[PDB]
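A short reminder: the numbers here are calculations on the coordinates, not readings from a lab. Note that each Cβ is placed from the backbone with ideal geometry, even for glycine, and that neighbours are counted across all protein chains shown.
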Amino acid sequence: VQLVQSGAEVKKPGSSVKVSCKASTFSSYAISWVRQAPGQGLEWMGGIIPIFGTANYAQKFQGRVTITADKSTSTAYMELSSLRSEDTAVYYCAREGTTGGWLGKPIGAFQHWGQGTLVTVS
Amino acid sequence: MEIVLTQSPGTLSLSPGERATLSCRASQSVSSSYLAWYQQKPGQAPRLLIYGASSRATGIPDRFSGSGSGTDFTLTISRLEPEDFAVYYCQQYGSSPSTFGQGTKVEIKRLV
């Protein structure tokens with residue numbers, strides 16, 4: 001289980017950014033996005049179970065975050081629009097742990113994390 | 001209404017070998033003790049230490065333990081090793097949205 005994210009981005013205020021996370025089962029477990037600013041700790045944005053294809057968002061980001069997934073490429077995506085200086089952060093994709101294969105029960109907490117993607121808003 | 005988690009202290013300054021006790025207080029009782037703890041070192045992703053308030057994640061050493069229920073949770077490192085100076089976060093995942101504490105930095109005590 002490895003999560004590998006897209007590279008750092010520097011963005012203009014008011015633009016949108018889309019970050020990817022490639023997993024290396026994919027369709028059956030919850031993938032979340034969590035961000036972290038310089039020097040707000042960690043902050044949960046939303047999550048997606050790719051098999052169901054729909055996302056759940058924190059109300060804080062509703063209306064400007066889009067979380068999608070692609071089964072063939074084993075890739076999750078987070079798009080964040082209308083960027084502001086306060087959105088400068090490392091954005092992480094995370095997957096819940098399991099006690100196991102299919103003998104494992106999911107345990108909710110984030111066992112697996114991508115390396116993060118720094119998004120800087122000028 | 002999201003559950004807010006507040007950690008204390010903001011910074012804990014200790015020497016190697018000392019016991020570290022970190023607290024996490026929730027604004028509302030955490031459903032099913034679905035509470036986790038993470039370690040993070042600078043420029044690295046977080047690492048899961050504890051889930052379900054008190055269960056150690058795979059590969060996590062015996063000196064880490066978690067306890068608590070309701071609104072008060074504690075992560076204890078029984079004897080701090082040098083590799084344990086880091087930031088620690090708590091997280092609840094019992095209710096939507098999942099939320100995290102602001103982090104407690106565990107750092108080495110300044111020279112006398």
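Before moving on, here are some points about what is shown:
- Between residue A:86 and residue A:71, the simple label model (points 7 Å from Cα in the Cβ direction) yields a spacing of 3.9 nm.
- Overall Cα dimensions of the protein assembly as shown, principal axis frame, Å, largest first: 50, 45, 34
- Rounded to whole Hz, the Karplus (6.51, -1.76, 1.60) HN-Hα couplings of segment A:63-77, x for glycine and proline: x, 9, 10, 10, 10, 10, 9, 10, 5, 5, 9, 6, 10, 10, 9
- Here, segment A:15-65 has an Rg and a Dmax of 12.3, 36 Å when only alpha carbons are counted.
- Counting 0.36 nm for each residue step from residue B:69 to residue B:107 and taking away their Cα separation leaves a gain of 11.0 nm.
- Our coupling estimate for segment B:41-55, obtained by passing each phi through the Karplus curve with A = 6.51, B = -1.76, C = 1.60 and θ = phi - 60°, is 9, x, x, 10, 6, x, 10, 6, 9, 9, 10, x, 6, 9, 8 Hz, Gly and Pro reported as x.
- The residues packed around residue A:110, meaning those with a beta-carbon under 11 Å from its beta-carbon, carry a net charge of +1 if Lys and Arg are +1 and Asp and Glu are -1.
- Rounded FRET efficiency, nearest 0.05, which uses the C-beta distance separating residue B:41 from residue B:6 and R0 of 22 Å: 0.45
- In chain B, the DSSP beta bridges split such that about 90 percent are antiparallel, to the nearest 5.
- Counting beta carbons within 10 Å around each of A:52, B:85 and listing the fewest first gives the order A:52, B:85.
- Within chain A, the proportion of Cα pairs with more than 16 Å between them is 59 percent.
- Hull volume per residue, based on the alpha-carbon atoms of chain B and their convex hull, is 98 Å³.
- Alpha-carbon centroid distance for the pair segment A:59-122 / segment B:1-80, whole angstrom: 22
- Relative to the Cα centre, the charge distribution of chain B, modelled as +1 at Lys and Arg Cβ and -1 at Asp and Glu Cβ, gives a dipole magnitude of about 160 debye.
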